[PDB]
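>>> Got an experimental structure here, sequence first:
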Amino acid sequence: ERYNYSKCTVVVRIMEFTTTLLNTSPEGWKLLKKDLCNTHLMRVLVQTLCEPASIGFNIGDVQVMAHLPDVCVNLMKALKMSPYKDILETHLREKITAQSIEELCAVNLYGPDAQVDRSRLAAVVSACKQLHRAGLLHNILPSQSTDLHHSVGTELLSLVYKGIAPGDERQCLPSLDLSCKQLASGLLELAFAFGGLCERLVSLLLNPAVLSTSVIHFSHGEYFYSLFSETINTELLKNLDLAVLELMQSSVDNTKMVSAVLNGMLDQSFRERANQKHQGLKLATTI
């Protein structure tokens with residue numbers, strides 16, 4: 001009860017100290033050469049990022065861990081804008097995230113082994129979101145073959161689009177718990193953390209593939225959109241021009257979908273008008 005909270009304070013402040021000082025100095029790299037031996041704290045940082053409960057976070061207490069990711073992101077960012085990324089770029093990338101990470105997590109199709117899987121799934125998704133927050137994610141992005149970052153577009157489909165569908169065996173449709181809701185949202189944010197997916201995304205939408213059930217049939221894309229509505233339409237809005245042009249023109253023989261998706265565009269656009277005014281007027285003009 002006390003040793004934890006103490007050392008939690010201590011790590012949080014040492015991280016804060018590093019970032020706000022060993023970086024805010026314009027020639028702080030000389031200080032880095034003074035605090036030369038730091039690989040230790042790098043691994044501590046990354047262990048917190050990846051498995052916070054191991055160190056300090058171990059309290060799980062809402063006020064402290066609320067600010068923990070913010071500090072982590074800021075420190076990560078500082079290490080970006082400063083040199084000495086090699087230790088970052090290596091010691092973080094090649095250890096807490098890899099290609100095999102997504103597949104080796106992807107194996108358990110939300111199995112009854114509940115207390116196990118979505119744990120590390122969520123750990124990874126939170127961590128990667130935090131990375132993108134710091135925007136060092138692309139350094140963890142491995143080299144691919146096409147402008148479309150298969151790295152994450154593929155995990156999109158192979159985790160949800162294939163994942164949500166039991167049509168490969170015509171078994172019972174897997175109901176989603178709020179656990180599944182939040183996990184899916186995280187995965188979607190992941191997919192959308194990388195530019196150049198939306199076209200594939202609408203392809204995943206405007207697909208006349210039909211799901212089976214319970215005997216009724218309903219278009220799989222309709223399920224996918226109806227379920228993850230807010231995140232989808234959000235991201236579609238995030239690149240409104242490209243999505244609009246593709247929705248209009250790449251789409252033929254599309255009655256239900258194109259309608260519904262455009263309505264959703266308009267809707268979730270209006271839903272947030274106090275937040276901004278330059279988002280829908282442009283959407284209106286385009287469509």
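All right, it came through fine. Numbers count the residues shown, from 1 in each chain.
>>> Now do the helices in the stretch 1-150 of the chain.
Secondary structure of the stretch 1-150 of the chain (DSSP state H, counting those that start in this stretch): helices located at 3-21, 28-34, 39-50, 62-81, 85-91, 93-96, 99-106, 114-134, 137-140, 150-156.
>>> and the fifth one, C-alpha only, in CSV?
It stands for helix 85-91. Extracted in CSV, the C-alpha atoms of helix 85-91 (Å, rounded to 0.1, in the frame of the first residue of the first chain):
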residue,chain,number,x,y,z
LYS,A,85,16.5,7.8,-30.8
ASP,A,86,18.6,4.8,-31.8
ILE,A,87,18.2,3.3,-28.4
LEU,A,88,14.6,4.3,-28.5
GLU,A,89,14.1,3.1,-32.0
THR,A,90,15.6,-0.3,-31.3
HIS,A,91,15.0,-1.1,-27.6
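>>> That helix packs against which elements?
helix 39-50, helix 62-81, helix 137-140 (3 or more Cβ pairs under 8 Å, 6 or more residues apart in numbering; DSSP states H and E). Where C-beta positions appear, they are placed from N, C-alpha and C, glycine not excepted.
>>> sorry, back to before: could I get the helices of the stretch 1-150 of the chain as JSON lines with mean neighbour count and distance to residue 56?
Below are those laid out as JSON lines (neighbours: other Cβ atoms under 10 Å; distance: least, Cβ to Cβ, whole Å):
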{"stretch": "helix 3-21", "mean neighbour count": "15", "distance to residue 56": "4"}
{"stretch": "helix 28-34", "mean neighbour count": "13", "distance to residue 56": "24"}
{"stretch": "helix 39-50", "mean neighbour count": "17", "distance to residue 56": "7"}
{"stretch": "helix 62-81", "mean neighbour count": "16", "distance to residue 56": "8"}
{"stretch": "helix 85-91", "mean neighbour count": "14", "distance to residue 56": "19"}
{"stretch": "helix 93-96", "mean neighbour count": "15", "distance to residue 56": "17"}
{"stretch": "helix 99-106", "mean neighbour count": "14", "distance to residue 56": "23"}
{"stretch": "helix 114-134", "mean neighbour count": "18", "distance to residue 56": "15"}
{"stretch": "helix 137-140", "mean neighbour count": "17", "distance to residue 56": "23"}
{"stretch": "helix 150-156", "mean neighbour count": "19", "distance to residue 56": "29"}
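>>> mind putting these in a markdown table, distance to residue 185 included?
Shown next, in a markdown table, are the helices of the stretch 1-150 of the chain (distance: least, Cβ to Cβ, whole Å):
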| stretch | distance to residue 185 |
| --- | --- |
| helix 3-21 | 27 |
| helix 28-34 | 38 |
| helix 39-50 | 20 |
| helix 62-81 | 16 |
| helix 85-91 | 28 |
| helix 93-96 | 22 |
| helix 99-106 | 16 |
| helix 114-134 | 9 |
| helix 137-140 | 18 |
| helix 150-156 | 13 |
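>>> So residue 14 versus residue 25, what's the distance?
17 Å (Cβ to Cβ, to the nearest Å).
>>> Residue 236 and residue 47: what is the separation?
Taking Cβ to Cβ, one finds residue 236 at 37 Å from residue 47.
>>> and if you look at residue 130?
From residue 130 to residue 47 the distance is 14 Å (Cβ to Cβ).
>>> ok, and what's touching stretch 208-226?
Applying Cβ atoms under 8 Å, 6 or more residues apart in numbering, the external contacts of stretch 208-226 come out as 160-161, 164-165, 167, 170, 172-173, 204-207, 232, 253, 256-257, 260-261, 264.
>>> give me that answer again for 10 Å
With contacts defined as Cβ atoms under 10 Å, 6 or more residues apart in numbering, stretch 208-226 is touched by 160-161, 164-167, 170-173, 184, 201-207, 232-233, 236, 253-254, 256-257, 260-261, 264.
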